[PDB]
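**Student:** After the structure tokens below, expect a handful of questions from me.
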Amino acid sequence: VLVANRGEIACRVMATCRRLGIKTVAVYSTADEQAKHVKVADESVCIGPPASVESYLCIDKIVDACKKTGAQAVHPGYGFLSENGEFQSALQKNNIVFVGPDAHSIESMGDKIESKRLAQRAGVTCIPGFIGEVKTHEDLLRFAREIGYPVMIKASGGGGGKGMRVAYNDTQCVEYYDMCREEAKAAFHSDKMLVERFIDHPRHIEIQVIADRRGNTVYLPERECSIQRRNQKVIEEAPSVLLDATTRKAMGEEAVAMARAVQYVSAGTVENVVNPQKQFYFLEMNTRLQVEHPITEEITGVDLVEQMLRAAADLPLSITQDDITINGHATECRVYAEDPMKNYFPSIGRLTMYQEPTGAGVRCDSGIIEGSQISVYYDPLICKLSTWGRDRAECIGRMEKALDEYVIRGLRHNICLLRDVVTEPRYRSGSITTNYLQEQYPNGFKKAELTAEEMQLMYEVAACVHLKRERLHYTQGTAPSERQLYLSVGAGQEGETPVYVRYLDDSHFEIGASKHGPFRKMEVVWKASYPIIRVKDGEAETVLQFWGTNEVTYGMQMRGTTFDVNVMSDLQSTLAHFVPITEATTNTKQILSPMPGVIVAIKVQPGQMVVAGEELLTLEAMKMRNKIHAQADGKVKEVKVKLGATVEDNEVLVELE
Amino acid sequence: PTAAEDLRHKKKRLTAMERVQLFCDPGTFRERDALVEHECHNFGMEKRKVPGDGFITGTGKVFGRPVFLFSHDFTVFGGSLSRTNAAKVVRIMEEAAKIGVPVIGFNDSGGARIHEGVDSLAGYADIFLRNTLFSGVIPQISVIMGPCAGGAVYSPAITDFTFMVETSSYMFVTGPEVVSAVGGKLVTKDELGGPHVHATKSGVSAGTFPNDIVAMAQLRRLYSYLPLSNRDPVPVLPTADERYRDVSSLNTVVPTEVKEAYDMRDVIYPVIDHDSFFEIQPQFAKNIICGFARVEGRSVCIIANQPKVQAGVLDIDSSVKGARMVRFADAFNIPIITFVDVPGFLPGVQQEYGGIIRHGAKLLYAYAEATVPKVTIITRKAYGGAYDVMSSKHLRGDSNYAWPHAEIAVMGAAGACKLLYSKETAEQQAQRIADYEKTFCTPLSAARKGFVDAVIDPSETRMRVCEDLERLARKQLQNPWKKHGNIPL
Ligand SMILES: O=CCCCC[C@@H]1SC[C@@H]2NC(=O)N[C@@H]21
């Protein structure tokens with residue numbers, strides 16, 4: 001079989017075949033000649049230029065290419081043009097298997113409209129509210145009391161969240177109807193309002209579904225997709241805390257009942273919104289192969305890929321709802337190349353200087369091997385880290401530990417945000433909401449700080465590392481074994497903390513306050529000039545990272561955050577006070593081209609916003625295109641140098657004001 | 001007790017003794033001479049004698065290995081040299097010539113001492129002669145912590161490496177007063193000879209540091225690389241890194257387009273051991289990189305082009321930089337590893353008006369005269385005389401390697417097509433340039449001739465380099481008998 005995706009899922013598929021003993025083929029674009037899925041595959045064929053359209057999206061190339069492998073079936077994947085009719089039609093022109101759902105169900109359910117029809121076909125507890133215009137305030141109050149809901153005032157013709165106000169009491173109902181009619185009459189030319197059961201605070205619970213072309217339909221355990229930034233989810237978890245069998249059993253039964261309704265074959269997944277009063281709302285249903293199943297597979301072992309490919313041959317499944325159980329729970333997170341602390345700045349075109357994944361009792365699905373890069377015209381996802389567990393505390397701690405052991409170098413990421421979110425006591429309380437993120441991050445993003453004991457431990461580990469790397473340079477036995485260091489982070493030596501060290505063995509020290517002070521005998525295990533640093537005092541265990549140094553300042557990472565600790569002796573400490581600290585030039589002015597050349601491409605527009613790290617234009621000289629970018633600034637005021645202006649000579653190409 | 005140094009520190013500056021204490025080991029400095037006077041007897045100098053006479057000379061010890069050093073003192077007479085100051089320095093250099101030990105000096109002198117007359121010139125001449133004679137015998141490093149003017153500037157110049165401190169140091173031959181007197185332009189001391197000027201414009205300073213503390217901390221690290229003398233072998237340090245570490249990221253560094261640029265450091269860093277690069281002259285002639293690095297625990301010399309800056313084109317400044325680095329590396333038996341990516345020489349009238357012919361020959365002379373083991377890797381391209389200059393196999397090179405997408409040709413395809421068909425029918429571009437580039441802009445022809453040993457996968461570079469550098473440990477080559485060469489100055 002041949003896949004249709006070029007991400008982690010492709011690798012997953014070419015991995016499921018291992019046990020299924022199925023030879024696999026994987027196509028690629030020109031830029032992806034070095035992707036892992038190309039070498040993992042048994043066969044590879046090029047699909048032209050790497051721009052999205054020609055790459056994979058070029059059905060004609062793809063369907064035509066499906067004539068040499070011999071494979072009797074070809075996976076549709078989950079992205080790009082997966083589950084598409086124009087594609088399903090073409091594949092049934094050449095009479096080949098789709099390894100996916102049937103057309104009629106797909107167009108009946110994935111369609112934007114008429115989904116409410118199928119929803120109300122059997123009702124299935126669809127959105128509740130007075131179905132019609134509320135012409136009077138009396139009707140609005142009466143229908144609000146009917147269910148005593150937060151009103152969910154929404155315009156009949158309005159969409160996207162415009163014309164919506166949340167009413168909690170009758171006076172609020174009247175005032176918000178008065179505002180809503182005024183807003184909607186001006187904005188959408190419709191005064192027709194509707195009132196529905198608004199949700200106190202949503203959790204966005206999701207229910208998984210599987211089926212088959214013969215029978216033995218099964219309901220998979222539900223999942224969580226509460227956390228969501230810009231309508232994109234981050235953290236997922238299958239057995240949500242607010243789970244009662246009274247609801248859940250009916251959820252599975254109703255999902256299976258809806259399944260046969262449209263004769264769905266390859267079930268996508270069911271979407272719900274759940275309030276603390278344990279309701280459910282079947283709508284916004286999915287018909288795509290969601291790849292958040294690893295979590296469910298961790299709590300079940302139900303290999304969705306194997307079962308769906310088995311059903312693609314008109315055979316029933318190998319599992320029934322009778323044996324499906326729960327053996328704990330799993331947590332999954334997504335690693336993006338999106339720089340959060342810097343206003344969510346995108347960082348692309350950077351191959352991995354060097355990276356190593358966490359592999360301690362955890363699972364990681366990724367398509368980015370060492371020496372791989374991310375283009376702008378693709379998904380900036382790095383890895384899909386998922387860890388098995390049985391208890392919240394157990395599963396989370398694992399994630400905590402596994403986050404710190406993920407070495408990524410060569411480009412930014414959002415691991416700090418994931419770490420801070422997981423460590424927050426609100427997240428460990430047990431329950432969350434969908435507005436959780438912006439509720440806990442009002443102004444931008446700011447990572448939480450360190451407690452006193454954590455900073456002390458970081459100091460101790462830094463001193464141990466300094467001594468260990470110092471002993472390497474000495475010759476033969478003429479080496480020291482004890483010092484007294486003065487650690488102080490910050491440019492002003494904030495909190496000078498005297499530290500000792502003794503190095504009793506290769507990976508054991510006798511850290512103390514100073515000489516003639518009680519000693520603790522911690523342990524540090526670190527390979528010289530490497531990232532990972534495992535330190536264990538008593539029971540507590542920590543993992544820190546070592547970035548680099550200039551022999552007075554150490555670049556060490558603590559809880560997914562970079563710091564610069566200063567490790568200096570008595571003389572250096574007493575002398576660093578008497579050192580000039582000059583301030584570098586802070587110039588917000590025009591930028592000039594360093595060398596002569598020709599401008600062939602421009603990226604930014606005249607007199608608009610500019611952010612740090614953004615490419616601006618590209619000169620070509622002596623057969624070579626450079627690319628001077630914007631180091632750092634907010635905006636510009638200038639006149640653009642036009643295309644093909646072979647002038648340069650250190651002119652003012654862009655002027656920053 | 002912190003007497004007499006409060007006046008110094010109040011100006012945000014350190015003292016000579018404090019610098020010496022910071023450089024060496026905690027308790028291994030033994031000051032040599034401390035009670036010496038100037039015995040001048042002129043211009044009312046018979047009084048105000050000083051015990052130290054403005055110099056601190058000792059022995060010290062760094063990383064368990066011996067050293068010699070001296071430091072000027074700015075408080076006493078402004079650091080001026082004399083018939084008596086220079087005697088201590090001469091004695092130290094002579095002793096460090098008998099024993100195979102290097103010398104490091106921290107310059108702070110304000111100029112010559114006028115009250116001694118021509119005795120200051122005598123001392124300067126003696127120091128110059130010692131530097132000239134002992135260059136190439138023991139490594140010499142110089143750091144400039146404060147003002148350095150007059151004719152005293154020449155002795156740091158002859159030394160192998162000169163470093164500078166950022167805020168409070170400068171160096172030049174003639175003061176701005178004379179410049180105003182003759183030309184009439186008002187230029188400040190920093191605008192004339194500041195650390196930035198010598199870092200970027202003149203190319204004299206080999207580096208710049210932000211503070212004295214950082215200067216000492218990194219000077220120790222630099223000292224950890226050098227061999228002790230001319231006859232001593234290259235130092236080898238223990239290291240947990242191993243030649244079997246996987247480097248497969250090199251397969252993707254070179255883009256598939258011939259007009260796109262990349263950073264050569266992405267090729268340099270994987271091959272060498274982790275966090276073991278010490279760049280030399282980082283802000284001058286950025287199209288070429290030179291420095292020191294370790295390969296399997298032994299120090300080597302690195303010289304590579306960079307297509308990031310000016311398409312990696314050789315030039316005057318790059319030629320001088322590479323020539324000096326190669327000469328120093330060969331003088332002390334240090335292996336050389338080079339990475340080649342050059343389209344040719346920089347074209348322009350200013351270049352010929354500035355003597356490209358002289359300067360470009362220096363790098364070729366340095367590469368041909370060298371007798372240390374050499375390893376060369378051609379990543380993408382090498383054209384014209386630039387291929388010859390950058391350690392080609394014909395210049396007694398030990399082992400040469402190429403990557404599968406390399407190109408070695410006489411010149412670009414356009415010029416060859418033009419010269420090979422004078423008045424051939426128009427549109428000849430499309431069906432001739434492509435064919436010529438396909439047939440002869442590839443390493444197959446150069447491999448057929450025997451100019452590259454083998455064509456290797458980019459993932460095997462570390463393995464090959466470690467193997468070759470281990471095997472070549474005991475090469476013995478000698479040049480014909482000469483009093484000395486005649487390099488094109
Ligand atoms: O084709 C016309 C210009 C080609 C220049 C190619 C580079 S520029 C500097 C160097 N000198 C040459 O002759 N070729 C290279």
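The way I read the labels, and the way they are meant: chains A, B, ... in the order of the structure tokens, residue 1 as the first residue of every chain, and ligand 1 as the first ligand shown, with later ones counted on from there.
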So which residues are near ligand 1, meaning at most 8 Å away with only C-alpha atoms and all ligand atoms counted, given back as a VMD selection string?
**Tutor:** (chain A and resid 621 to 623) or (chain B and resid 313 343 to 347 411 to 412 414 to 415)
**Student:** Skip residue 203 of chain A itself and residues of its chain fewer than 2 positions away, then list as a ChimeraX atom specification all residues within 9 Å of it, counting only C-alpha atoms.
**Tutor:** /A:201,205,224-227,272-276,431-434
**Student:** Using only N, CA and C atoms, please write the residues we just selected to a file, as a PDB file, in the first residue's frame.
**Tutor:**
ATOM      1  N   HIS A 201     -19.179  26.703  31.488  1.00  0.00           N
ATOM      2  CA  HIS A 201     -17.780  26.678  31.083  1.00  0.00           C
ATOM      3  C   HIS A 201     -17.524  25.365  30.357  1.00  0.00           C
ATOM      4  N   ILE A 205     -15.298  17.934  25.394  1.00  0.00           N
ATOM      5  CA  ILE A 205     -15.053  16.499  25.434  1.00  0.00           C
ATOM      6  C   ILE A 205     -15.269  15.906  24.050  1.00  0.00           C
ATOM      7  N   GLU A 224     -10.073  14.140  25.439  1.00  0.00           N
ATOM      8  CA  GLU A 224     -10.163  15.530  25.870  1.00  0.00           C
ATOM      9  C   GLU A 224      -9.432  16.401  24.860  1.00  0.00           C
ATOM     10  N   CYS A 225     -10.021  17.540  24.518  1.00  0.00           N
ATOM     11  CA  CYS A 225      -9.363  18.554  23.697  1.00  0.00           C
ATOM     12  C   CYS A 225      -9.701  19.942  24.225  1.00  0.00           C
ATOM     13  N   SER A 226      -9.681  20.093  25.552  1.00  0.00           N
ATOM     14  CA  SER A 226     -10.122  21.339  26.170  1.00  0.00           C
ATOM     15  C   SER A 226      -9.184  22.495  25.843  1.00  0.00           C
ATOM     16  N   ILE A 227      -7.879  22.301  26.051  1.00  0.00           N
ATOM     17  CA  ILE A 227      -6.926  23.379  25.820  1.00  0.00           C
ATOM     18  C   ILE A 227      -6.859  23.692  24.336  1.00  0.00           C
ATOM     19  N   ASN A 272     -18.283  16.773  21.361  1.00  0.00           N
ATOM     20  CA  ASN A 272     -19.264  17.141  22.373  1.00  0.00           C
ATOM     21  C   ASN A 272     -18.780  18.348  23.161  1.00  0.00           C
ATOM     22  N   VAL A 273     -19.729  19.015  23.812  1.00  0.00           N
ATOM     23  CA  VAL A 273     -19.453  20.068  24.783  1.00  0.00           C
ATOM     24  C   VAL A 273     -20.121  19.674  26.091  1.00  0.00           C
ATOM     25  N   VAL A 274     -19.348  19.651  27.174  1.00  0.00           N
ATOM     26  CA  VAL A 274     -19.813  19.122  28.450  1.00  0.00           C
ATOM     27  C   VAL A 274     -19.670  20.193  29.522  1.00  0.00           C
ATOM     28  N   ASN A 275     -20.744  20.403  30.280  1.00  0.00           N
ATOM     29  CA  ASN A 275     -20.874  21.269  31.437  1.00  0.00           C
ATOM     30  C   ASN A 275     -20.774  20.446  32.714  1.00  0.00           C
ATOM     31  N   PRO A 276     -20.438  21.079  33.853  1.00  0.00           N
ATOM     32  CA  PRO A 276     -20.344  20.335  35.121  1.00  0.00           C
ATOM     33  C   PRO A 276     -21.580  19.522  35.488  1.00  0.00           C
ATOM     34  N   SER A 431      -9.623  19.675  37.026  1.00  0.00           N
ATOM     35  CA  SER A 431     -10.533  20.151  35.994  1.00  0.00           C
ATOM     36  C   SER A 431     -10.010  21.444  35.389  1.00  0.00           C
ATOM     37  N   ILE A 432     -10.325  21.654  34.111  1.00  0.00           N
ATOM     38  CA  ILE A 432      -9.916  22.821  33.341  1.00  0.00           C
ATOM     39  C   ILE A 432     -11.088  23.249  32.464  1.00  0.00           C
ATOM     40  N   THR A 433     -10.867  24.289  31.657  1.00  0.00           N
ATOM     41  CA  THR A 433     -11.863  24.787  30.715  1.00  0.00           C
ATOM     42  C   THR A 433     -11.201  25.032  29.365  1.00  0.00           C
ATOM     43  N   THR A 434     -12.009  25.444  28.385  1.00  0.00           N
ATOM     44  CA  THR A 434     -11.478  25.752  27.061  1.00  0.00           C
ATOM     45  C   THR A 434     -10.900  27.159  26.970  1.00  0.00           C
TER      46      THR A 434
END
**Student:** Specify as a VMD selection string all residues of chain A found within 8 Å of chain B, counting only C-alpha atoms.
**Tutor:** chain A and resid 34 353 370 to 372 472 to 475 478 to 479 527 to 530 548 550 to 552 571 to 572 575 to 576 578 to 580 582 595 621 to 626
**Student:** Residues near segment 127-129 of chain A, anyone? I mean within 7 Å using only C-alpha atoms, not counting same-chain ones fewer than 6 positions away, as a list in words.
**Tutor:** residues 195, 196, 197 and 281 of chain A
**Student:** What lies within 7 Å of residue 109 of chain B using only C-alpha atoms, ignoring chain neighbours under 3 positions off, as a VMD selection string?
**Tutor:** chain B and resid 72 74 78 to 80 147 to 148
**Student:** Write out as a list in words the residues lying within 7 Å of segment 521-526 of chain A, counting only C-alpha atoms and excluding same-chain residues fewer than 3 positions away.
**Tutor:**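 Final neighbour list, sorted by chain and number: residues 507, 508, 509, 510, 511, 532, 533, 534, 535, 536 and 537 of chain A.
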**Student:** Using only C-alpha atoms, which protein or nucleic acid residues come within 9 Å of residue 334 of chain B? Drop anything in the same chain fewer than 5 positions from it, and give the result as a ChimeraX atom specification.
**Tutor:** /B:227,233-234,299-301,328-329,372-373
**Student:** Restricted to N, CA, C and O atoms, what would the selected residues look like written as an mmCIF file, in the first residue's frame?
**Tutor:**
data_model
loop_
_atom_site.group_PDB
_atom_site.id
_atom_site.type_symbol
_atom_site.label_atom_id
_atom_site.label_comp_id
_atom_site.auth_asym_id
_atom_site.auth_seq_id
_atom_site.Cartn_x
_atom_site.Cartn_y
_atom_site.Cartn_z
ATOM 1 N N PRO B 227 51.604 24.005 22.086
ATOM 2 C CA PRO B 227 52.731 23.190 22.537
ATOM 3 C C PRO B 227 53.755 24.036 23.269
ATOM 4 O O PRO B 227 53.858 25.248 23.064
ATOM 5 N N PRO B 233 56.209 17.789 21.431
ATOM 6 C CA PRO B 233 55.120 17.313 20.575
ATOM 7 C C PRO B 233 53.803 18.012 20.878
ATOM 8 O O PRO B 233 53.641 18.694 21.891
ATOM 9 N N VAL B 234 52.858 17.825 19.969
ATOM 10 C CA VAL B 234 51.534 18.444 20.112
ATOM 11 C C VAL B 234 50.829 17.851 21.330
ATOM 12 O O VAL B 234 50.833 16.621 21.511
ATOM 13 N N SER B 299 45.064 18.808 19.425
ATOM 14 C CA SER B 299 44.787 20.103 18.823
ATOM 15 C C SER B 299 45.176 20.117 17.351
ATOM 16 O O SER B 299 46.235 19.617 16.966
ATOM 17 N N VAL B 300 44.306 20.700 16.524
ATOM 18 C CA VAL B 300 44.539 20.839 15.092
ATOM 19 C C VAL B 300 44.219 22.268 14.680
ATOM 20 O O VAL B 300 43.703 23.065 15.464
ATOM 21 N N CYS B 301 44.534 22.583 13.430
ATOM 22 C CA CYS B 301 44.301 23.903 12.870
ATOM 23 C C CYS B 301 43.218 23.830 11.799
ATOM 24 O O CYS B 301 43.210 22.924 10.963
ATOM 25 N N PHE B 328 52.201 29.932 11.305
ATOM 26 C CA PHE B 328 52.327 29.637 12.730
ATOM 27 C C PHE B 328 52.056 28.168 13.016
ATOM 28 O O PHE B 328 52.773 27.537 13.798
ATOM 29 N N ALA B 329 51.014 27.607 12.398
ATOM 30 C CA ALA B 329 50.665 26.218 12.677
ATOM 31 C C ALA B 329 51.785 25.276 12.264
ATOM 32 O O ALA B 329 52.101 24.326 12.986
ATOM 33 N N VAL B 372 53.711 19.758 7.725
ATOM 34 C CA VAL B 372 52.866 19.043 8.679
ATOM 35 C C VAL B 372 51.817 18.249 7.912
ATOM 36 O O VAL B 372 51.555 18.555 6.740
ATOM 37 N N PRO B 373 51.208 17.220 8.503
ATOM 38 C CA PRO B 373 50.152 16.492 7.794
ATOM 39 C C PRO B 373 48.988 17.404 7.446
ATOM 40 O O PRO B 373 48.560 18.230 8.253
#
**Student:** Per residue of segment 3-58 of chain B within 12 Å of segment 91-96 of chain B, which atom pair is closest and at what distance in Å (one decimal), using only C-alpha atoms, listed by chain and increasing number, as CSV?
**Tutor:**
residue,atom,partner,partner_atom,distance
B:31,CA,B:92,CA,11.4
B:32,CA,B:92,CA,9.1
B:33,CA,B:92,CA,10.4
B:56,CA,B:92,CA,11.1
B:57,CA,B:92,CA,7.6
B:58,CA,B:92,CA,8.1
**Student:** Quick one: write out the picked residues with N, CA and C atoms as a short mmCIF file (atom, residue, chain, number, x, y, z; two decimals), in the first residue's frame?
**Tutor:**
data_model
loop_
_atom_site.label_atom_id
_atom_site.label_comp_id
_atom_site.auth_asym_id
_atom_site.auth_seq_id
_atom_site.Cartn_x
_atom_site.Cartn_y
_atom_site.Cartn_z
N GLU B 31 57.60 35.80 41.99
CA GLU B 31 58.13 37.02 41.40
C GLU B 31 59.65 36.95 41.38
N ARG B 32 60.25 37.29 40.24
CA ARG B 32 61.68 37.10 40.08
C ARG B 32 62.47 38.25 40.68
N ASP B 33 62.25 39.46 40.20
CA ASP B 33 63.03 40.61 40.63
C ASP B 33 62.09 41.68 41.15
N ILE B 56 56.68 43.88 36.65
CA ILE B 56 56.50 42.67 37.44
C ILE B 56 56.78 41.48 36.54
N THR B 57 57.87 40.77 36.82
CA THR B 57 58.26 39.61 36.04
C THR B 57 58.38 38.42 36.99
N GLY B 58 57.91 37.26 36.54
CA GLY B 58 57.94 36.08 37.36
C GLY B 58 57.97 34.84 36.50
#
**Student:** As a list in words, please: every residue in segment 367-437 of chain B that DSSP puts in strand (DSSP E).
**Tutor:** residues 374, 375, 376, 377, 378, 379, 380, 381, 382, 383, 399, 400, 401, 402, 407, 408 and 409 of chain B
**Student:** Enter the distance from atom CA of residue 146 of chain B to atom CA of residue 108 of chain B, in Å, rounded to one decimal.
**Tutor:**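 That distance, rounded to one decimal, is 4.8 Å.
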**Student:** Could you pull the residues within 9 Å of segment 338-342 of chain B, counting only C-alpha atoms, minus those fewer than 2 positions along the same chain, as a PyMOL selection string?
**Tutor:** chain B and resi 264+267-268+301-307+311-314+336+344-345+374-383+386-387+390-391
**Student:** With C-alpha atoms kept, could you save the residues just selected as a compact mmCIF listing (two decimals), in the first residue's frame?
**Tutor:**
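Dumped everything to again.txt:
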# COMPACT_ATOMS: atom_id res chain seq x y z
CA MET B 264 30.28 26.47 6.80
CA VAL B 267 30.15 21.47 8.49
CA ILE B 268 32.99 22.47 10.82
CA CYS B 301 44.30 23.90 12.87
CA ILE B 302 41.13 24.80 10.96
CA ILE B 303 40.98 26.92 7.79
CA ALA B 304 37.75 26.99 5.77
CA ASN B 305 35.96 29.25 3.32
CA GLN B 306 32.49 30.61 3.94
CA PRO B 307 29.95 31.06 1.12
CA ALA B 311 30.27 33.93 -1.97
CA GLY B 312 33.41 32.64 -0.24
CA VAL B 313 35.78 34.51 -2.55
CA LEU B 314 39.49 34.84 -1.80
CA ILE B 336 46.06 21.36 9.32
CA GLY B 344 37.74 32.36 -7.60
CA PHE B 345 39.28 35.70 -6.72
CA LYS B 374 47.36 18.04 5.75
CA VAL B 375 43.78 16.91 5.15
CA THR B 376 41.60 18.57 2.52
CA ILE B 377 37.86 18.21 1.87
CA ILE B 378 36.19 19.72 -1.21
CA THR B 379 32.50 20.19 -0.45
CA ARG B 380 31.01 21.94 -3.47
CA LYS B 381 33.33 23.73 -5.87
CA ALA B 382 36.89 24.76 -6.68
CA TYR B 383 37.76 26.82 -9.76
CA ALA B 386 41.87 29.14 -6.11
CA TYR B 387 41.76 25.34 -6.34
CA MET B 390 43.78 25.96 -1.15
CA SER B 391 46.03 22.97 -0.43
**Student:** Once DSSP has gone over the backbone, tell me which residues of segment 280-425 of chain B are in alpha helix (DSSP H), as a VMD selection string.
**Tutor:** chain B and resid 316 to 331 349 to 353 356 to 369 384 to 389 413 to 420
**Student:** Can you measure atom CA of residue 154 of chain B to atom CA of residue 124 of chain B for me? One decimal in Å is fine.
**Tutor:**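 Atom-to-atom, atom CA of residue 154 of chain B to atom CA of residue 124 of chain B, that is 9.2 Å.
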**Student:** When distances are computed from only C-alpha atoms, which of B:204, B:170, B:222, B:181 shows the smallest separation from residue 23 of chain B?
**Tutor:**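 Among B:204, B:170, B:222, B:181, it is B:222 that comes nearest to residue 23 of chain B.
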